[PDB]
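Peer 1: my_file11.cif is reproduced below (mmCIF, C-alpha atoms and all ligand atoms).
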data_model
#
loop_
_atom_site.label_atom_id
_atom_site.label_comp_id
_atom_site.auth_asym_id
_atom_site.auth_seq_id
_atom_site.Cartn_x
_atom_site.Cartn_y
_atom_site.Cartn_z
CA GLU A 2 -12.84 -28.82 -4.28
CA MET A 3 -9.22 -28.22 -2.90
CA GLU A 4 -10.94 -26.19 -0.23
CA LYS A 5 -12.90 -29.28 0.81
CA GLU A 6 -9.66 -31.36 0.82
CA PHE A 7 -8.00 -28.66 2.92
CA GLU A 8 -10.69 -28.65 5.67
CA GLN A 9 -10.71 -32.38 5.60
CA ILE A 10 -6.94 -32.56 5.87
CA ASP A 11 -6.91 -30.07 8.66
CA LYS A 12 -9.80 -31.75 10.45
CA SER A 13 -8.08 -35.11 10.71
CA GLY A 14 -4.74 -33.29 11.29
CA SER A 15 -2.99 -35.26 8.53
CA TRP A 16 -0.77 -32.66 6.71
CA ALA A 17 2.44 -34.51 7.73
CA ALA A 18 1.25 -37.85 6.31
CA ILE A 19 0.01 -36.10 3.16
CA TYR A 20 3.41 -34.48 2.87
CA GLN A 21 5.29 -37.67 3.73
CA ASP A 22 3.18 -39.29 1.01
CA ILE A 23 4.39 -36.80 -1.52
CA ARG A 24 7.98 -37.35 -0.31
CA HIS A 25 7.57 -41.09 -1.06
CA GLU A 26 5.96 -40.66 -4.46
CA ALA A 27 8.51 -37.98 -5.53
CA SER A 28 10.88 -38.84 -8.44
CA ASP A 29 14.45 -39.77 -8.31
CA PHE A 30 16.84 -39.21 -11.17
CA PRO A 31 20.61 -39.33 -11.39
CA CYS A 32 22.64 -36.29 -10.48
CA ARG A 33 25.94 -37.61 -11.73
CA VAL A 34 27.42 -34.33 -12.96
CA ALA A 35 26.49 -32.58 -9.64
CA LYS A 36 28.30 -35.30 -8.03
CA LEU A 37 31.53 -35.12 -9.97
CA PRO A 38 34.66 -34.25 -7.91
CA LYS A 39 35.37 -31.10 -9.85
CA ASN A 40 31.96 -29.75 -8.88
CA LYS A 41 32.30 -30.30 -5.11
CA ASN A 42 32.74 -26.60 -4.51
CA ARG A 43 29.97 -25.60 -6.89
CA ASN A 44 27.39 -27.17 -4.55
CA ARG A 45 26.22 -25.44 -1.41
CA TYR A 46 24.65 -28.51 0.18
CA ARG A 47 25.79 -32.10 -0.12
CA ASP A 48 22.14 -33.26 -0.11
CA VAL A 49 20.73 -30.84 -2.70
CA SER A 50 21.52 -31.39 -6.38
CA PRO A 51 20.15 -30.91 -9.82
CA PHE A 52 19.12 -34.01 -11.69
CA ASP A 53 21.19 -34.37 -14.83
CA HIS A 54 18.22 -34.32 -17.20
CA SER A 55 16.83 -30.96 -16.14
CA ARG A 56 20.03 -29.16 -14.98
CA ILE A 57 20.98 -25.80 -16.53
CA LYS A 58 24.26 -25.92 -18.44
CA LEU A 59 26.53 -22.91 -18.73
CA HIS A 60 27.61 -22.10 -22.30
CA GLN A 61 31.26 -22.54 -21.25
CA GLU A 62 33.68 -25.24 -22.41
CA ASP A 63 35.62 -25.41 -19.12
CA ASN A 64 32.81 -26.44 -16.83
CA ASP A 65 29.15 -26.11 -17.69
CA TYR A 66 27.98 -27.06 -14.15
CA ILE A 67 25.70 -24.83 -12.00
CA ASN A 68 23.40 -26.08 -9.23
CA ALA A 69 20.24 -25.06 -11.15
CA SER A 70 17.18 -26.77 -12.86
CA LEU A 71 14.67 -25.91 -15.41
CA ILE A 72 11.29 -26.59 -13.92
CA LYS A 73 9.19 -26.89 -17.07
CA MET A 74 5.47 -26.91 -16.52
CA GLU A 75 4.04 -28.13 -19.87
CA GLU A 76 0.30 -27.85 -19.20
CA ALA A 77 0.59 -24.45 -17.45
CA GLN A 78 3.00 -23.30 -20.17
CA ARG A 79 5.33 -21.57 -17.60
CA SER A 80 8.96 -22.51 -16.75
CA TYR A 81 11.17 -21.42 -13.93
CA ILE A 82 14.80 -21.94 -13.16
CA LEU A 83 15.29 -22.99 -9.54
CA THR A 84 18.71 -22.54 -8.14
CA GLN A 85 20.57 -22.49 -4.80
CA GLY A 86 21.89 -19.28 -3.21
CA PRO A 87 25.05 -18.54 -5.16
CA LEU A 88 28.37 -19.42 -3.48
CA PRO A 89 31.17 -16.81 -3.41
CA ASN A 90 32.80 -18.71 -6.32
CA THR A 91 29.71 -19.08 -8.50
CA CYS A 92 28.18 -15.57 -8.62
CA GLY A 93 29.76 -15.35 -12.09
CA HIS A 94 28.07 -18.63 -13.17
CA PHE A 95 24.75 -17.37 -11.67
CA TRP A 96 24.88 -14.17 -13.73
CA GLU A 97 26.19 -16.13 -16.76
CA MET A 98 23.16 -18.36 -16.43
CA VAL A 99 20.72 -15.38 -16.35
CA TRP A 100 22.41 -13.79 -19.43
CA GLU A 101 22.39 -17.08 -21.39
CA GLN A 102 18.87 -18.08 -20.28
CA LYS A 103 17.57 -14.56 -21.01
CA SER A 104 15.70 -14.17 -17.72
CA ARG A 105 14.28 -10.77 -17.02
CA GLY A 106 13.70 -11.42 -13.33
CA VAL A 107 15.24 -13.14 -10.34
CA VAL A 108 13.20 -13.94 -7.27
CA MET A 109 15.24 -14.22 -4.05
CA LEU A 110 13.26 -15.69 -1.17
CA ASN A 111 15.91 -15.66 1.58
CA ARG A 112 18.32 -13.39 3.50
CA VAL A 113 22.06 -13.82 2.95
CA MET A 114 22.05 -14.39 6.73
CA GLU A 115 19.58 -16.72 8.36
CA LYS A 116 19.73 -18.72 11.60
CA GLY A 117 23.19 -17.36 12.33
CA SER A 118 24.67 -18.52 9.01
CA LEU A 119 25.55 -17.21 5.61
CA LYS A 120 22.86 -18.77 3.43
CA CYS A 121 23.80 -17.10 0.22
CA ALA A 122 26.50 -14.93 -1.33
CA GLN A 123 25.95 -11.19 -1.69
CA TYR A 124 25.76 -11.69 -5.47
CA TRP A 125 24.30 -8.27 -6.48
CA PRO A 126 25.57 -4.67 -5.83
CA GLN A 127 24.15 -2.89 -2.85
CA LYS A 128 24.79 0.58 -4.25
CA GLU A 129 25.18 2.54 -7.43
CA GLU A 130 28.87 3.65 -7.10
CA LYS A 131 30.09 0.11 -6.50
CA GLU A 132 29.20 -2.17 -9.45
CA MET A 133 30.26 -5.78 -9.50
CA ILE A 134 32.40 -7.19 -12.29
CA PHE A 135 32.47 -10.94 -12.61
CA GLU A 136 35.76 -11.47 -14.32
CA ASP A 137 35.47 -15.21 -14.87
CA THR A 138 32.41 -15.04 -17.08
CA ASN A 139 33.07 -11.38 -18.13
CA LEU A 140 29.78 -9.80 -16.93
CA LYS A 141 29.13 -6.48 -15.22
CA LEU A 142 26.35 -5.82 -12.69
CA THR A 143 25.08 -2.34 -11.47
CA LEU A 144 22.32 -1.32 -9.08
CA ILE A 145 20.16 1.01 -11.07
CA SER A 146 17.91 1.57 -8.18
CA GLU A 147 15.66 -0.17 -5.64
CA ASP A 148 12.18 0.17 -4.13
CA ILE A 149 12.29 -0.80 -0.50
CA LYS A 150 9.12 -2.03 1.20
CA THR A 151 8.72 -3.15 4.89
CA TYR A 152 8.84 -6.89 3.82
CA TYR A 153 10.49 -6.96 0.37
CA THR A 154 12.60 -4.85 -2.00
CA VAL A 155 12.62 -4.68 -5.74
CA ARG A 156 15.80 -3.68 -7.50
CA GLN A 157 16.55 -2.78 -11.01
CA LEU A 158 19.86 -4.15 -12.11
CA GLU A 159 21.88 -3.64 -15.24
CA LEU A 160 23.67 -6.68 -16.55
CA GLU A 161 26.39 -6.06 -19.13
CA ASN A 162 27.95 -8.78 -21.10
CA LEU A 163 31.42 -7.24 -21.21
CA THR A 164 32.35 -9.27 -24.28
CA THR A 165 29.98 -7.48 -26.57
CA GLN A 166 28.80 -4.66 -24.28
CA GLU A 167 25.21 -5.74 -24.70
CA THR A 168 23.06 -4.71 -21.86
CA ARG A 169 19.94 -5.97 -20.15
CA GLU A 170 17.79 -4.85 -17.29
CA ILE A 171 17.09 -7.51 -14.67
CA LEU A 172 14.44 -6.99 -12.06
CA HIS A 173 15.36 -8.38 -8.61
CA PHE A 174 12.44 -9.23 -6.29
CA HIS A 175 13.69 -9.82 -2.79
CA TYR A 176 11.47 -11.35 -0.07
CA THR A 177 13.20 -10.62 3.27
CA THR A 178 10.75 -11.87 5.98
CA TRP A 179 10.08 -15.40 4.68
CA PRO A 180 11.95 -17.66 7.26
CA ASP A 181 14.18 -20.59 6.23
CA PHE A 182 11.99 -23.78 6.49
CA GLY A 183 9.04 -21.57 7.42
CA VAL A 184 6.26 -19.82 5.69
CA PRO A 185 5.16 -16.31 4.62
CA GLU A 186 3.48 -14.11 7.29
CA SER A 187 0.22 -14.66 5.54
CA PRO A 188 -1.38 -15.56 2.20
CA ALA A 189 -1.99 -11.86 1.49
CA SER A 190 1.62 -10.74 1.74
CA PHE A 191 2.79 -13.81 -0.20
CA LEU A 192 0.14 -13.12 -2.95
CA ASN A 193 1.03 -9.43 -2.99
CA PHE A 194 4.77 -10.25 -3.51
CA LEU A 195 3.80 -12.82 -6.19
CA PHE A 196 1.55 -10.34 -8.00
CA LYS A 197 4.28 -7.71 -7.80
CA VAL A 198 6.44 -10.15 -9.77
CA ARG A 199 3.53 -10.96 -12.17
CA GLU A 200 2.64 -7.29 -12.76
CA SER A 201 6.27 -6.65 -13.50
CA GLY A 202 6.24 -8.55 -16.80
CA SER A 203 8.99 -10.93 -15.78
CA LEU A 204 6.95 -14.02 -15.94
CA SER A 205 5.85 -13.42 -19.44
CA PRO A 206 6.73 -15.80 -22.21
CA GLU A 207 8.57 -13.23 -24.31
CA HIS A 208 11.37 -13.63 -21.68
CA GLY A 209 13.58 -16.53 -20.60
CA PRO A 210 12.34 -18.41 -17.51
CA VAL A 211 12.49 -16.41 -14.22
CA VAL A 212 15.18 -17.68 -11.92
CA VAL A 213 13.88 -18.24 -8.41
CA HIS A 214 16.07 -19.09 -5.48
CA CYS A 215 16.23 -19.44 -1.78
CA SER A 216 19.20 -20.84 0.01
CA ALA A 217 18.90 -24.42 -1.37
CA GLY A 218 16.55 -23.48 -4.16
CA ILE A 219 13.88 -26.05 -3.01
CA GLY A 220 11.81 -25.16 0.11
CA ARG A 221 10.64 -21.54 -0.27
CA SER A 222 11.21 -21.64 -4.09
CA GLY A 223 9.05 -24.75 -4.51
CA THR A 224 6.30 -23.04 -2.43
CA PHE A 225 6.44 -19.85 -4.55
CA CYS A 226 6.37 -21.78 -7.85
CA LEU A 227 3.77 -24.24 -6.78
CA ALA A 228 1.32 -21.48 -5.91
CA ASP A 229 2.06 -19.53 -9.13
CA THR A 230 1.54 -22.58 -11.34
CA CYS A 231 -1.59 -23.57 -9.63
CA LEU A 232 -3.00 -20.09 -10.22
CA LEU A 233 -1.93 -20.12 -13.84
CA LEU A 234 -3.63 -23.47 -14.36
CA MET A 235 -6.82 -22.28 -12.75
CA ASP A 236 -6.53 -19.22 -15.01
CA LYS A 237 -6.43 -20.78 -18.39
CA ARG A 238 -9.55 -22.83 -17.97
CA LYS A 239 -11.01 -20.68 -15.22
CA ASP A 240 -11.64 -24.01 -13.56
CA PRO A 241 -10.34 -24.38 -10.01
CA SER A 242 -11.67 -27.84 -9.65
CA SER A 243 -9.51 -29.27 -12.30
CA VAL A 244 -6.28 -28.28 -10.34
CA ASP A 245 -4.71 -30.98 -8.26
CA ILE A 246 -2.07 -29.19 -6.09
CA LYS A 247 -0.34 -32.34 -4.82
CA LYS A 248 -0.19 -33.70 -8.32
CA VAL A 249 1.33 -30.41 -9.58
CA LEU A 250 3.91 -30.46 -6.87
CA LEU A 251 4.78 -33.99 -8.04
CA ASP A 252 5.12 -32.93 -11.73
CA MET A 253 7.40 -30.26 -10.34
CA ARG A 254 9.64 -32.70 -8.38
CA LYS A 255 10.31 -34.48 -11.69
CA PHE A 256 12.58 -31.52 -12.53
CA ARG A 257 14.19 -30.78 -9.16
CA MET A 258 14.25 -32.71 -5.83
CA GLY A 259 12.82 -31.57 -2.54
CA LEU A 260 10.46 -28.90 -3.81
CA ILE A 261 8.77 -27.69 -0.64
CA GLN A 262 10.58 -28.71 2.54
CA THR A 263 7.95 -29.05 5.25
CA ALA A 264 4.21 -29.98 5.61
CA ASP A 265 3.24 -26.46 6.65
CA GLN A 266 4.75 -24.93 3.52
CA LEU A 267 2.54 -27.53 1.82
CA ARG A 268 -0.42 -26.31 3.76
CA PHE A 269 0.48 -22.69 3.10
CA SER A 270 0.42 -23.55 -0.65
CA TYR A 271 -3.26 -24.54 -0.38
CA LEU A 272 -3.95 -21.31 1.61
CA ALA A 273 -2.16 -19.25 -1.09
CA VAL A 274 -3.91 -20.95 -4.03
CA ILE A 275 -7.42 -21.02 -2.46
CA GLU A 276 -7.13 -17.26 -1.70
CA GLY A 277 -5.60 -16.36 -5.07
CA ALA A 278 -8.38 -18.26 -6.75
CA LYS A 279 -10.61 -15.35 -5.78
CA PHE A 280 -8.66 -13.08 -8.15
CA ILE A 281 -8.30 -15.72 -10.82
CA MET A 282 -12.05 -16.22 -10.72
CA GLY A 283 -12.93 -12.60 -11.55
CA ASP A 284 -12.78 -10.72 -8.23
CA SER A 285 -9.82 -8.48 -9.07
CA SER A 286 -10.63 -6.22 -6.13
CA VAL A 287 -8.94 -8.72 -3.78
CA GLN A 288 -5.55 -7.76 -5.22
CA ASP A 289 -5.54 -4.33 -3.62
CA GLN A 290 -6.89 -5.97 -0.49
CA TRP A 291 -3.82 -8.19 -0.32
CA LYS A 292 -1.81 -5.03 -0.62
CA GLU A 293 -3.55 -3.28 2.27
CA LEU A 294 -3.26 -6.41 4.38
CA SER A 295 0.32 -6.98 3.70
CA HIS A 296 1.33 -3.49 4.99
CA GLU A 297 3.91 -3.00 2.30
CA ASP A 298 4.86 0.68 2.99
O1 LIG A 301 16.31 -21.93 1.47
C1 LIG A 301 15.33 -22.81 1.72
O2 LIG A 301 14.21 -22.39 1.78
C2 LIG A 301 15.71 -24.30 1.75
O3 LIG A 301 15.01 -25.12 1.13
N1 LIG A 301 16.83 -24.57 2.41
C3 LIG A 301 17.39 -25.88 2.67
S1 LIG A 301 16.72 -27.30 1.95
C4 LIG A 301 17.89 -28.21 2.79
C5 LIG A 301 18.72 -27.47 3.55
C6 LIG A 301 18.40 -26.04 3.53
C7 LIG A 301 19.02 -24.90 4.31
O4 LIG A 301 18.96 -23.63 3.92
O5 LIG A 301 19.59 -25.13 5.34
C8 LIG A 301 19.94 -28.07 4.17
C9 LIG A 301 20.30 -29.21 3.22
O6 LIG A 301 19.25 -30.13 3.11
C10 LIG A 301 18.03 -29.67 2.55
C11 LIG A 301 17.02 -30.51 3.27
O7 LIG A 301 17.43 -31.84 3.07
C12 LIG A 301 17.22 -32.36 1.78
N2 LIG A 301 16.61 -31.86 0.68
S2 LIG A 301 16.42 -32.73 -0.66
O8 LIG A 301 15.07 -33.09 -0.81
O9 LIG A 301 17.21 -32.20 -1.76
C13 LIG A 301 17.27 -33.99 0.14
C14 LIG A 301 17.70 -35.25 -0.38
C15 LIG A 301 18.40 -36.13 0.42
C16 LIG A 301 18.81 -35.76 1.71
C17 LIG A 301 18.39 -34.54 2.23
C18 LIG A 301 17.71 -33.67 1.42
#
Could you write out this file's structure as structure tokens?
Ligand SMILES: O=C(O)C(=O)Nc1sc2c(c1C(=O)O)CCO[C@H]2COC1=NS(=O)(=O)c2ccccc21

Peer 2:
Amino acid sequence: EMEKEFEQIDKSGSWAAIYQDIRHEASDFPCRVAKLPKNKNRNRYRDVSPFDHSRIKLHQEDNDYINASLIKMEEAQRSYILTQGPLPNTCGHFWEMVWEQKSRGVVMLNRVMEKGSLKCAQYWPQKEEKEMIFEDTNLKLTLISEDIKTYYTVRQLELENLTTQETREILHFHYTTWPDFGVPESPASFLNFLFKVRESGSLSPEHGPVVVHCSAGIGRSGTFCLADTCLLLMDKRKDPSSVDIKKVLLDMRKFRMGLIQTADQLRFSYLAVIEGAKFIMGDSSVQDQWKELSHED
């Protein structure tokens, strides 16, 4: 089992070598367009880029570049789009991307302020009277309402493509106590947030891929996605013992670099998956237990 590997990893204290090992094995593909001079100001961090092969392209003739990747998990049959926290000049591209990609949901795993710095643009309206219009890609965004919990908030947004006046509802799931380069408070509150996004319908295959981000779109987002995929995999066979977490993280880093930033986020992934396996394996009652534990209200 993964649970045996965990104990055994923990016992000999070797998470950091395990994680280093992954870092060494991880793929490396060109990110030439990310690196073009015209895109300098479309990238939040010098060091974090989309590979060319998996990057999301805007449907615009001017400049199709956005710091975003399609993580496409073939065996699990789920995709996500991982992106960085939008910059003040690319909140229009971010919303363009969700319109074009037909996502129903965006998962935000960070605060716009962390560790004294602005980690993300305020890319969505904070109240009903004051919608956002993104004039460059001709999109309108309105808070329809939000459901505030002690550790996360869900919002309902309306996205209008101003060019045809089509309209879509986007669910925003905002985790606000997961620290940059840290980990969720516990497996239960992580699993409860994840199942909130599952229950919501946004992950379902009748929609475009969910867009998940943190500040870089790699640490916290890779953690979130790795757990979800692992649970999905376990689900379809009902066979926990044919999931290899490290191996799934490595299929993931074929599509974007740097997925999962430290060895404890790695270790939290095992925690999250081992716990969630309870629910996957037929004990649904754990779900409401995660909710009690997580103290959502
Ligand atoms: O929001 C999060 O949860 C998150 O992940 N945030 C990140 S990942 C990250 C940073 C931050 C940040 O918010 O400060 C600073 C830039 O570097 C990467 C770390 O460095 C690198 N990440 S990488 O694997 O893309 C890579 C390649 C080469 C050199 C450095 C790097």

Peer 1: Sorted by chain and rising residue number, which residues of chain A lie within 6 Å of ligand LIG 301 (chain A), and what are their closest atom pairs and distances in Å to one decimal, counting only C-alpha atoms and all ligand atoms, as JSON lines?

Peer 2:
{"residue": "A:46", "atom": "CA", "partner": "A:LIG301", "partner_atom": "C9", "distance": 5.4}
{"residue": "A:48", "atom": "CA", "partner": "A:LIG301", "partner_atom": "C16", "distance": 4.5}
{"residue": "A:49", "atom": "CA", "partner": "A:LIG301", "partner_atom": "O9", "distance": 3.9}
{"residue": "A:181", "atom": "CA", "partner": "A:LIG301", "partner_atom": "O2", "distance": 4.8}
{"residue": "A:182", "atom": "CA", "partner": "A:LIG301", "partner_atom": "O2", "distance": 5.4}
{"residue": "A:215", "atom": "CA", "partner": "A:LIG301", "partner_atom": "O1", "distance": 4.1}
{"residue": "A:216", "atom": "CA", "partner": "A:LIG301", "partner_atom": "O1", "distance": 3.4}
{"residue": "A:217", "atom": "CA", "partner": "A:LIG301", "partner_atom": "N1", "distance": 4.3}
{"residue": "A:218", "atom": "CA", "partner": "A:LIG301", "partner_atom": "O3", "distance": 5.7}
{"residue": "A:219", "atom": "CA", "partner": "A:LIG301", "partner_atom": "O3", "distance": 4.4}
{"residue": "A:220", "atom": "CA", "partner": "A:LIG301", "partner_atom": "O3", "distance": 3.4}
{"residue": "A:221", "atom": "CA", "partner": "A:LIG301", "partner_atom": "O2", "distance": 4.2}
{"residue": "A:258", "atom": "CA", "partner": "A:LIG301", "partner_atom": "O9", "distance": 5.1}
{"residue": "A:259", "atom": "CA", "partner": "A:LIG301", "partner_atom": "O8", "distance": 3.2}
{"residue": "A:262", "atom": "CA", "partner": "A:LIG301", "partner_atom": "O3", "distance": 5.9}

Peer 1: Within 8 Å of (20.3, -7.6, -11.9), only C-alpha atoms: residues as a list in words?

Peer 2: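 Answer for this query, in the requested form: residues 106, 107, 125, 142, 143, 144, 156, 157, 158, 159, 160, 170, 171, 172 and 173 of chain A.
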
Peer 1: Near residue 293 in chain A, within 12 Å and counting all atoms listed in the file, which residues show up once chain neighbours fewer than 3 positions away are dropped, as a VMD selection string?

Peer 2: chain A and resid 189 to 190 192 to 193 286 to 290 296 to 298

Peer 1: Check the smallest atom-to-atom distance from each of A:60, A:121, A:226, A:244 to residue 99 in chain A using all atoms listed in the file, then report the winner.

Peer 2: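 Ranking A:60, A:121, A:226, A:244 by distance to residue 99 in chain A, first place goes to A:60.
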
Peer 1: What does the distance between CA of residue 64 in chain A and CA of residue 120 in chain A come to in Å, to one decimal place?

Peer 2: 23.8 Å

Peer 1: Using all atoms listed in the file, which residue out of A:238, A:72, A:11, A:79 lies closest to residue 207 in chain A?

Peer 2: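 That would be A:79, the residue with the smallest distance to residue 207 in chain A.
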
Peer 1: Take CA of residue 31 in chain A and CA of residue 50 in chain A and report the distance between them in Å, one decimal.

Peer 2: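 Interatomic distance here is 9.4 Å.
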
Peer 1: Do you know which residues are at most 12 Å from residue 92 in chain A counting only C-alpha atoms, after dropping those on the same chain fewer than 2 positions away, and could you put them as a PDB file with C-alpha atoms, in the frame of the given file?

Peer 2:
ATOM      1  CA  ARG A  43      29.970 -25.600  -6.890  1.00  0.00           C
ATOM      2  CA  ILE A  67      25.700 -24.830 -12.000  1.00  0.00           C
ATOM      3  CA  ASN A  68      23.400 -26.080  -9.230  1.00  0.00           C
ATOM      4  CA  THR A  84      18.710 -22.540  -8.140  1.00  0.00           C
ATOM      5  CA  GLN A  85      20.570 -22.490  -4.800  1.00  0.00           C
ATOM      6  CA  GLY A  86      21.890 -19.280  -3.210  1.00  0.00           C
ATOM      7  CA  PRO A  87      25.050 -18.540  -5.160  1.00  0.00           C
ATOM      8  CA  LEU A  88      28.370 -19.420  -3.480  1.00  0.00           C
ATOM      9  CA  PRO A  89      31.170 -16.810  -3.410  1.00  0.00           C
ATOM     10  CA  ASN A  90      32.800 -18.710  -6.320  1.00  0.00           C
ATOM     11  CA  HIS A  94      28.070 -18.630 -13.170  1.00  0.00           C
ATOM     12  CA  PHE A  95      24.750 -17.370 -11.670  1.00  0.00           C
ATOM     13  CA  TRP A  96      24.880 -14.170 -13.730  1.00  0.00           C
ATOM     14  CA  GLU A  97      26.190 -16.130 -16.760  1.00  0.00           C
ATOM     15  CA  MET A  98      23.160 -18.360 -16.430  1.00  0.00           C
ATOM     16  CA  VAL A  99      20.720 -15.380 -16.350  1.00  0.00           C
ATOM     17  CA  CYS A 121      23.800 -17.100   0.220  1.00  0.00           C
ATOM     18  CA  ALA A 122      26.500 -14.930  -1.330  1.00  0.00           C
ATOM     19  CA  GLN A 123      25.950 -11.190  -1.690  1.00  0.00           C
ATOM     20  CA  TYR A 124      25.760 -11.690  -5.470  1.00  0.00           C
ATOM     21  CA  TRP A 125      24.300  -8.270  -6.480  1.00  0.00           C
ATOM     22  CA  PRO A 126      25.570  -4.670  -5.830  1.00  0.00           C
ATOM     23  CA  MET A 133      30.260  -5.780  -9.500  1.00  0.00           C
ATOM     24  CA  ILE A 134      32.400  -7.190 -12.290  1.00  0.00           C
ATOM     25  CA  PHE A 135      32.470 -10.940 -12.610  1.00  0.00           C
ATOM     26  CA  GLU A 136      35.760 -11.470 -14.320  1.00  0.00           C
ATOM     27  CA  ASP A 137      35.470 -15.210 -14.870  1.00  0.00           C
ATOM     28  CA  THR A 138      32.410 -15.040 -17.080  1.00  0.00           C
ATOM     29  CA  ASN A 139      33.070 -11.380 -18.130  1.00  0.00           C
ATOM     30  CA  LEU A 140      29.780  -9.800 -16.930  1.00  0.00           C
ATOM     31  CA  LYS A 141      29.130  -6.480 -15.220  1.00  0.00           C
ATOM     32  CA  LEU A 142      26.350  -5.820 -12.690  1.00  0.00           C
TER      33      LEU A 142
END

Peer 1: Could you work out an axis-aligned box for range 60-78 of chain A, taking every atom the file lists and adding 5 Å on each side, and report centre and edge lengths in Å to one decimal, as AutoDock Vina command-line options?

Peer 2:
--center_x 18.0 --center_y -25.1 --center_z -15.8 --size_x 45.3 --size_y 16.0 --size_z 23.2

Peer 1: I need the residue nearest residue 167 in chain A from this list: A:8, A:268, A:100, A:278. Use all atoms listed in the file for the distance.

Peer 2: A:100

Peer 1: When you draw a straight line from CA of residue 257 in chain A to CA of residue 194 in chain A, how long is it in Å?

Peer 2: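 Distance reported for this atom pair: 23.3 Å.
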
Peer 1: Rank A:230, A:44, A:146, A:164 by their smallest atom-to-atom distance to residue 78 in chain A, using all atoms listed in the file, and report the top residue only.

Peer 2: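 Selected residue with least distance to residue 78 in chain A: A:230.
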
Peer 1: Which residue is closest to residue 6 in chain A? Choose from A:26, A:186, A:284, A:245 and count all atoms listed in the file.

Peer 2: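 Ranked by minimum distance to residue 6 in chain A, first place goes to A:245.
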
Peer 1: List the neighbours of residue 70 in chain A out to 7 Å using all atoms listed in the file; skip same-chain residues closer than 3 positions along the sequence, and give me the result as a PyMOL selection string.

Peer 2: chain A and resi 51+55-57+82-84+256-257

Peer 1: Write range 84-100 of chain A as an mmCIF file, keeping the file's coordinate frame, completed to N, CA and C atoms.

Peer 2:
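What ended up in selection.cif:
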data_model
loop_
_atom_site.group_PDB
_atom_site.id
_atom_site.type_symbol
_atom_site.label_atom_id
_atom_site.label_comp_id
_atom_site.auth_asym_id
_atom_site.auth_seq_id
_atom_site.Cartn_x
_atom_site.Cartn_y
_atom_site.Cartn_z
ATOM 1 N N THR A 84 17.328 -22.312 -8.478
ATOM 2 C CA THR A 84 18.710 -22.540 -8.140
ATOM 3 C C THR A 84 19.005 -22.333 -6.630
ATOM 4 N N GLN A 85 20.160 -22.832 -6.160
ATOM 5 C CA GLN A 85 20.570 -22.490 -4.800
ATOM 6 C C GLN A 85 21.107 -21.041 -4.653
ATOM 7 N N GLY A 86 21.219 -20.558 -3.404
ATOM 8 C CA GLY A 86 21.890 -19.280 -3.210
ATOM 9 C C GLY A 86 23.342 -19.347 -3.639
ATOM 10 N N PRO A 87 23.706 -18.506 -4.627
ATOM 11 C CA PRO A 87 25.050 -18.540 -5.160
ATOM 12 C C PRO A 87 26.120 -18.576 -4.061
ATOM 13 N N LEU A 88 27.166 -19.368 -4.312
ATOM 14 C CA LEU A 88 28.370 -19.420 -3.480
ATOM 15 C C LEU A 88 29.300 -18.273 -3.923
ATOM 16 N N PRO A 89 30.221 -17.845 -3.028
ATOM 17 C CA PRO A 89 31.170 -16.810 -3.410
ATOM 18 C C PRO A 89 31.971 -17.087 -4.731
ATOM 19 N N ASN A 90 32.138 -18.374 -5.052
ATOM 20 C CA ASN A 90 32.800 -18.710 -6.320
ATOM 21 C C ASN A 90 31.848 -19.006 -7.500
ATOM 22 N N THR A 91 30.553 -18.747 -7.337
ATOM 23 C CA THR A 91 29.710 -19.080 -8.500
ATOM 24 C C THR A 91 28.680 -17.951 -8.745
ATOM 25 N N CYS A 92 28.996 -16.738 -8.248
ATOM 26 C CA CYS A 92 28.180 -15.570 -8.620
ATOM 27 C C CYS A 92 28.372 -15.192 -10.089
ATOM 28 N N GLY A 93 29.555 -15.515 -10.635
ATOM 29 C CA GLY A 93 29.760 -15.350 -12.090
ATOM 30 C C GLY A 93 28.954 -16.334 -12.958
ATOM 31 N N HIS A 94 28.919 -17.614 -12.537
ATOM 32 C CA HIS A 94 28.070 -18.630 -13.170
ATOM 33 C C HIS A 94 26.578 -18.274 -13.045
ATOM 34 N N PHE A 95 26.177 -17.750 -11.862
ATOM 35 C CA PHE A 95 24.750 -17.370 -11.670
ATOM 36 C C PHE A 95 24.326 -16.309 -12.684
ATOM 37 N N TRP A 96 25.129 -15.234 -12.762
ATOM 38 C CA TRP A 96 24.880 -14.170 -13.730
ATOM 39 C C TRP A 96 25.090 -14.577 -15.204
ATOM 40 N N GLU A 97 26.066 -15.461 -15.457
ATOM 41 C CA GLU A 97 26.190 -16.130 -16.760
ATOM 42 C C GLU A 97 24.917 -16.855 -17.146
ATOM 43 N N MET A 98 24.421 -17.666 -16.209
ATOM 44 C CA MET A 98 23.160 -18.360 -16.430
ATOM 45 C C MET A 98 21.992 -17.392 -16.783
ATOM 46 N N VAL A 99 21.856 -16.262 -16.056
ATOM 47 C CA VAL A 99 20.720 -15.380 -16.350
ATOM 48 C C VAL A 99 20.889 -14.729 -17.728
ATOM 49 N N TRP A 100 22.142 -14.278 -18.057
ATOM 50 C CA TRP A 100 22.410 -13.790 -19.430
ATOM 51 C C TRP A 100 22.040 -14.834 -20.522
#
